[PDB]
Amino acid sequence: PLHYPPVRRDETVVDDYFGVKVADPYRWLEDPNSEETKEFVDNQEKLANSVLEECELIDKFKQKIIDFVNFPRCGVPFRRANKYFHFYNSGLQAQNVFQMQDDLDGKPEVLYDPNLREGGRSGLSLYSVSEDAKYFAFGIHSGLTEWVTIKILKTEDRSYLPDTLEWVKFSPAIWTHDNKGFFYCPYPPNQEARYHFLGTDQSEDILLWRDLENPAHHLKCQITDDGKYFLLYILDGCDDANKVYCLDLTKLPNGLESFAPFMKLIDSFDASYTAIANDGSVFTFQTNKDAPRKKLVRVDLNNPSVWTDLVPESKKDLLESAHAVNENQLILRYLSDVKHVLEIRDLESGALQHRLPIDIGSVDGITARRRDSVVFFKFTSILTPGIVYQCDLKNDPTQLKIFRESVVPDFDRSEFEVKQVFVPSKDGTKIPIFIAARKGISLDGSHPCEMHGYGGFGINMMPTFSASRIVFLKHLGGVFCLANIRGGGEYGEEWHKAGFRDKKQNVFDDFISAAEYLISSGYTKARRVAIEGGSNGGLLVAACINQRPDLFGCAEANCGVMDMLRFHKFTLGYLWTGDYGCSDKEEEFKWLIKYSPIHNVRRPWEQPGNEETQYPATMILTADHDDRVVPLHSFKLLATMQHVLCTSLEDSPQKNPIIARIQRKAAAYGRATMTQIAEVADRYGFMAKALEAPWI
């Protein structure tokens, strides 16, 4: 019983894209400061709250989520000198707390507690410990902006150095083995690579690299385990490709104080290269060169023309990462049909020694260094909250031993199961999906179903632990699906490329086909399917509900990119043209105009044979102050959907609500526990209402 607010249209705004007239009646929503835009937000907020108060299960979801999240979490430890560092959360703290210890099972000490600052609105995203374990360099947000300030504490007494480094975003702090300072990659008051000596002001920092000719190029850096080489990587866009420049620190007459003479080992953007180990000038790299599933290769810097396969590309499996460990060994993390496989090999010969396949789920966070003989990593899964495993390669290389193990309170994992099945897409391609649900359910079409996906940027969707998902499973009798659609990197670069640029549409076809399978198999039925996704995943939700609204009961798009014609104009949208195309070019405009959500909102009931169809219940989630995916995307879509489907007609068949949940005074990043729970509880309450699903 629903009251949409008035939303001005500006019928004079029209653009010509290569002879095609595109109206943009909500152009005015692109200024987030005008009082009209603020009034818009205020009205939509009022509408949403009105609708959400009708969703009586929110209070029940919220509590069960809290209860299920309330368990201690020890993150993967790493070692520097004789100390061990890791993150901790007693269960419901806003942000994880950084801790240090002398012994693995000794008394923790708190090094930095983000909860004490701004109510724990944001946590640590940059954290870095010196080689001697005396210094901790970390990134603090000053406000709701993306900008970080780097401060440095002494670990002995938790006292701050006066050093303050502004104008940093995602850079890490890369310590030299002399403990005199670290490399980092700031912006000027055009990214740069700088070295900072402890005890000096930022004005004194040594400049190592800029390129004024190529302002949009951005940087990552690294130093080798032996401390002799500084490596600078240069990237273009969100492409999985990069340059490799090496600086030999042993040959500098006066350390870094001299100043730069880089050996430019790879001076193009043809392939990705990540340095895994070295022995003097002999390097081992991970690369995708002639190998979309990746491989390890070896090259001597003193003869850089000659590259030699160390571990060749697998015909089937993605070599996702690699780590030198225990002086002379490698741990390779393969992704085989979206399931991890760890291999242990000889570093020198590249020969296979052991092979540990992993249960459905995800291993990651391998932070061991080459001198370490004890490797730690984290495992999670739909039904496994979080185990930190340990493997002592020296004394017991065969067995994985449980080091820490999270336990969800009042949750019996044995009542539920997870299967992986493969389903056919429109063009015949098989698509892996994971399906989680109560054991022994009847495939009678009756169950509410949530489907999650992303489909872009080489990103692999793994079936990790979500507490709210358990609630969905247990207390809503639900079925969860995670779809590994194309555009991801699950089957290497060809799987990425088969879902980008001109083939972006395949991504949506893959997702639609997963829903079609879940229906035909008896898991759910048309209109009892909910879809959810974030960023590019929001684009995924919005395009699919335009194209096949008949299939979905509920749809939840989180900070989605919805105006594919103009996305590139804002903030950091320019780095997505690799995957999406750009409307500046006619060939590429022609891809984009077809799926661009705000330019494809159409009344499904006006098509022959489709009179009974409407758009699903739709929640569009965003912050008012997102600097990554600027919220004009979410807003303009909302406005469009509301107009076309609701306010443009006297008594419209669109009865399913169309709202925005708008988070106030929030950033894209860092997301406090609780703030995050609130959001998820709102979206699940909404979902339960839209699918007419009862609580259990």
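Throughout, we count residues from 1 along the sequence that is shown.
According to the record, the deposited sequence contains no missing residues between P608 and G609, so the chain is continuous there. In the deposited entry, the stretch joining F259 to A260 is interrupted by 4 to 9 residues of the deposited sequence lacking coordinates. The question of which stretch, 311 to 319 or 193 to 201, has the higher mean Cα B factor is settled in favour of 311 to 319. Looking at mean Cα B-factors across 55 to 63 and 663 to 671, the upper value is held by 663 to 671. Remark: of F403, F230, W591, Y273, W591 shows the highest value [criterion: C-alpha B-factor in the PDB entry]. Taking the deposited Cα B-factors for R486, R566, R298, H340, the highest one is held by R566. The deposited CA B-factor of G478 belongs to the lowest third of values across its chain.
The entry lists a Cα temperature factor for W576 that places it in the highest third of the chain's modelled residues. Remark: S281 belongs to the lowest third of its chain, ranked by C-alpha B-factor as recorded. In this PDB entry, the Cα temperature factor of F434 sits in the bottom third of its chain's modelled residues, the lowest group. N395 sits in the highest third of its chain by CA B factor, as recorded in the PDB entry.
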